[PDB]
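Peer 1: Residue numbers (the entry's author numbering), protein chains in the order written: chain g, 2 to 153; chain k, 13 to 129; chain u, 2 to 71. We treat Cβ as the ideally placed atom computed from N, Cα and C, and that holds for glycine.
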Amino acid sequence: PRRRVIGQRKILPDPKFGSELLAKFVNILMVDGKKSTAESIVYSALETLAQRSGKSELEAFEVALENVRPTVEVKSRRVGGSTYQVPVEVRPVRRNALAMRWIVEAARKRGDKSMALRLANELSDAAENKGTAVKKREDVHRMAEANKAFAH
Amino acid sequence: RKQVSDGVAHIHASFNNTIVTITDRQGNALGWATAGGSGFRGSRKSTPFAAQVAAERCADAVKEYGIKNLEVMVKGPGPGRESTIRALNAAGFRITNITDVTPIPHXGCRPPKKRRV
Amino acid sequence: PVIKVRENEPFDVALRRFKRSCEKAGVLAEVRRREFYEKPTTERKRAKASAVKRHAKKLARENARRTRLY
RNA sequence: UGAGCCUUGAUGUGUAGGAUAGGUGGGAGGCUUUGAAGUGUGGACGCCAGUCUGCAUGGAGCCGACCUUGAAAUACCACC
RNA sequence: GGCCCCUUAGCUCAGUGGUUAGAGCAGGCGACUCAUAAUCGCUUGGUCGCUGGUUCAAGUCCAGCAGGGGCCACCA
RNA sequence: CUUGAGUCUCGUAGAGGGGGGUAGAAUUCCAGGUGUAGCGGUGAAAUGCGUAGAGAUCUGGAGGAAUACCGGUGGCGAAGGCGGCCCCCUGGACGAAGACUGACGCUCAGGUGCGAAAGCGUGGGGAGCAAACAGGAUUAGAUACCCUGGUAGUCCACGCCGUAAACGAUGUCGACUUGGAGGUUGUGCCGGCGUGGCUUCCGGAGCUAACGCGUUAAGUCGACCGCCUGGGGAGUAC
Ligand SMILES: [Mg+2]
Ligand SMILES: [Mg+2]
Ligand SMILES: [Mg+2]
Ligand SMILES: [Mg+2]
Ligand SMILES: [Mg+2]
Ligand SMILES: [Mg+2]
Ligand SMILES: [Mg+2]
Ligand SMILES: [Mg+2]
Ligand SMILES: [Mg+2]
Ligand SMILES: [Mg+2]
Ligand SMILES: [Mg+2]
Ligand SMILES: [Mg+2]
Ligand SMILES: [Mg+2]
Ligand SMILES: [Mg+2]
Ligand SMILES: [Mg+2]
Ligand SMILES: [Mg+2]
Ligand SMILES: [Mg+2]
Ligand SMILES: [Mg+2]
Ligand SMILES: [Mg+2]
Ligand SMILES: [Mg+2]
Numbered sequence: 002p003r004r005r006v007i008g009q010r011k012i013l014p015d016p017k018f019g020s021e022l023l024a025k026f027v028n029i030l031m032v033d034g035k036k037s038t039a040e041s042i043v044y045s046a047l048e049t050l051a052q053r054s055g056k057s058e059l060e061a062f063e064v065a066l067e068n069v070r071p072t073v074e075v076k077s078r079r080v081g082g083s084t085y086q087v088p089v090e091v092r093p094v095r096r097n098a099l100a101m102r103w104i105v106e107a108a109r110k111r112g113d114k115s116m117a118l119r120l121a122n123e124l125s126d127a128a129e130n131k132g133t134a135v136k137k138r139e140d141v142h143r144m145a146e147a148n149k150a151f152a153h
Numbered sequence: 013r014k015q016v017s018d019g020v021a022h023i024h025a026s027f028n029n030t031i032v033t034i035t036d037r038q039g040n041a042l043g044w045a046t047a048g049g050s051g052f053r054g055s056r057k058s059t060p061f062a063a064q065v066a067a068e069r070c071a072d073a074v075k076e077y078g079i080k081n082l083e084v085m086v087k088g089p090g091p092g093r094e095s096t097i098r099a100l101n102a103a104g105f106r107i108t109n110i111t112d113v114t115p116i117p118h119x120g121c122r123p124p125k126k127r128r129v
Numbered sequence: 002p003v004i005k006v007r008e009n010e011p012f013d014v015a016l017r018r019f020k021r022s023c024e025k026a027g028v029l030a031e032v033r034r035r036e037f038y039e040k041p042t043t044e045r046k047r048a049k050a051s052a053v054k055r056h057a058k059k060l061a062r063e064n065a066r067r068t069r070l071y
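(1) Is the segment 37 to 57 of chain k close to the segment 122 to 141 of chain g, with three or more CB pairs under 8 Å?
(2) For g/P93, which of g/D15, g/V73, g/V80 has the nearest alpha-carbon?
(3) Counting only the same chain and skipping the five closest in sequence on each side, list residues whose C-beta sits under 8 Å from that of g/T49.
(4) Which residue's Cα is closest to the Cα of g/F26: g/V105, g/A150, g/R143, g/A128?
(5) Please list, in chain order, the chain u residues whose beta carbon lies closer than 7 Å to that of k/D112.
(6) Nearest chain u C-beta to k/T96 closer than 7 Å, yes or no?
(7) How is g/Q86 classed by DSSP in three states: helix, strand or coil?
(8) Going along the chain, which residues of its own chain have a beta-carbon closer than 6 Å to the beta-carbon of k/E83, five neighbours each way excluded?
(9) Step through the CB atoms of chain u and report whether any lies within less than 7 Å of the CB of k/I31.
(10) What residues from the segment 137 to 152 of chain g come within 9 Å of chain k, judged by C-beta to C-beta, listed N to C?
(11) Taking g/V43 and g/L59 to be in contact with their CB atoms under 8 Å, please state how far apart those CB atoms are, rounded to whole angstroms.
(12) Is the distance from the Cβ of g/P88 to the Cβ of g/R138 below 7 Å?
(13) Who are the neighbours of k/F52 on chain g, taking C-beta pairs under 9 Å?
(14) Which same chain residues, not among the five before or five after g/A24, have their C-beta less than 7 Å away from its C-beta?
(15) When you compare the CB of u/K40 with every CB in chain k, is at least one pair closer than 7 Å?
(16) At least one CB of chain g closer than 7 Å to the CB of k/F27: is that the case?
(17) What did DSSP end up calling g/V43 once you bin it into helix, strand or coil?
(18) Here's the rule I'm using: 16 or more other beta-carbon atoms within 10 Å means buried, otherwise exposed. How should k/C121 be labelled?
(19) In terms of residue numbering, what span does the beta strand (DSSP E) encompassing residue 202 of chain k cover?
(20) Does any residue of chain g have a CB that is nearer than 7 Å to the CB of k/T46?
(21) k/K125 versus chain u: which residues are under 7 Å apart at the beta carbon?
(22) Helix, strand or coil: which one does DSSP assign to g/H153?
(23) So does the segment 71 to 86 of chain k actually touch the segment 140 to 150 of chain g, counting three or more Cβ pairs closer than 8 Å?
(24) Would u/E10 count as contacting chain k if we go by Cβ distances under 7 Å?
(25) Checking 7 Å against the spacing of the C-beta atoms, do g/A51 and g/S57 come in under that value?
(26) What distance in whole Å lies between the Cβ atoms of g/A128 and g/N68, which are believed to be in contact at a cut-off of 8 Å?
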């Protein structure tokens, strides 16, 4: 906004794991205000991923999340009346938000029998650089790399 | 191919492009590179980043002579006047002299007319 | 703009002093000026305008001294 | 500064792989202080993995096939 | 009559006999912009004329027959 | 008769004018060496140039036009105008002390002369720039603005033409009338104190419809000249 006044809203960690990050993930997955359904789906998919990978629910999720976070992005700036696309550096909170949004949207557009199974498959495939989320991250990175002469 | 150990880097930086050439002390060229040949067309061609990329490619291409020292002669008003020198220094060469050699008439001829944009 | 790198100094200081020597020599100003043709009448008019603006600025700066803002 | 032939030495790493592999071949005994395993000085070529080569020290071994390849020892060798 | 050059994806063109079939052109989906044109990213797309035989391995070997061009021949 | 006007003697500053000679930087072109795949241009492109060797870089030569820095509301000229350096011919302006002539003055209808740039005639020269013209773009169209080329012309000698926002939009000559801050150029006395010429900015009385001018007047007066009389038709027709 015009005045730079806004604050920040707190969040409450999930019950069975005590991590706010899974709470934000559930929030992004939620539709129509129905939080219980989202938590059911998240817990089922995450435990399936845990028993397939064999380590745990938390660190498997974090390892999958690490392979999607972007590092540079493209914005637009003016110098003499003309607008150029320019690479900029993203902040960690923005990194987490972008990664979660990409994972959820990639998972929604699949062809399995349930949303939990879709999300489990997407996370498992992303934990080793295979999913469409990884492809989109690579696309963004190379698009930023192309417009490198305009930075600074 | 033939050891020289001394060279002169000539930089030609106009408003649209930049050309760097390496010559022996006697003016004999050994290699060259341009910003337009490195994969930069149009507007991107006239940025300091392209100039440093071209400078490092020229340093790459002139390696077969064992060049150890350099002196720099810059002409032109273009953007790539000083990033080229930094790239040449970062390429490992030893810099000895820097000189401006841009031509100035002492009156001369008549320039073109103003563009009415 | 003749620069000789002296004994035992880093590259950045030599670059900076070369830049200041070339800025002193007024090279880029000349390259900018001799780009196109300017009629004698245009040059005389611009010189008069510059002199008038200098005088007005000096008078305003001097005049601001007597007054107080609050 | 070309072309032709005559003169020798290098030269060519599919996968596999002791292996930077053209065939053939009298073929498996030659080389051996007519300075050898393994060092140091040192040059060359090199898909830069490694081969060739001058000297010195050392001073005298490698040794065929012997086992993965279809192939081996230029261990001596004629042919291109 | 004699040389020569021109078929490889949809076209034009590179392709070395060892584990290669590549490039340039359209359409499509995106990115930047309040919004266009300009730029930028990702894409859709091979019977290498039919047949032959040589190697461990035949797109790369020639063999049988194609369509038009550039010079030169020719006294039923 | 000497106070207006003029002559003589000594110095000062100056892109004032006409003619000849000469230097250094840069652009273009010609010949050669190295070297190799782009250059150039634009908001983005294309036309154009290049593997028949370009652009970049070094050496040698040819030719034309203009004089960076000094450089400045600095200087000179009736106005138009005048800028590298050296010599030859030549016009004006100002200051200090004195001598000489004796009203020899001011203004001027017709008349005469000078007068930017473009343009016309004859003979030369031609680097760069660039009306006309050709091509590439942009656009609904683009006889344009932008890009790539380019001929008259721009240069010299001699001769015409006679016009410009030729402007300070302010005719020439003389006398009188509070101040302040600077620039440039002479001179007197001992950095200070005076005294002449030209010039930039502000401002008082006064004047003006107002804006503004204000000792360089658009203030107070005198001599002579030129011009105006509602807007179009028209600065046109005969
Ligand atoms: Mg020019
Ligand atoms: Mg231009
Ligand atoms: Mg008179
Ligand atoms: Mg008259
Ligand atoms: Mg004229
Ligand atoms: Mg004429
Ligand atoms: Mg003529
Ligand atoms: Mg015509
Ligand atoms: Mg033009
Ligand atoms: Mg006239
Ligand atoms: Mg008139
Ligand atoms: Mg008038
Ligand atoms: Mg008069
Ligand atoms: Mg009045
Ligand atoms: Mg006033
Ligand atoms: Mg007064
Ligand atoms: Mg009066
Ligand atoms: Mg009046
Ligand atoms: Mg009337
Ligand atoms: Mg008339």
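Peer 2: Taking the structure as given:
(1) no
(2) g/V73
(3) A117, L118, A121
(4) g/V105
(5) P2, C23, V28
(6) no
(7) strand
(8) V20, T108, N109
(9) no
(10) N148, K149, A150, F151, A152
(11) Their Cβ separation, rounded to whole angstroms, is 13 Å, which puts g/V43 and g/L59 out of contact at 8 Å.
(12) no
(13) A150
(14) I12, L13, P14, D15
(15) no
(16) no
(17) helix
(18) exposed
(19) What is shown of chain k runs 13 to 129, which leaves residue 202 of chain k out entirely.
(20) no
(21) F37, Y38
(22) coil
(23) no
(24) no
(25) yes
(26) 7 Å
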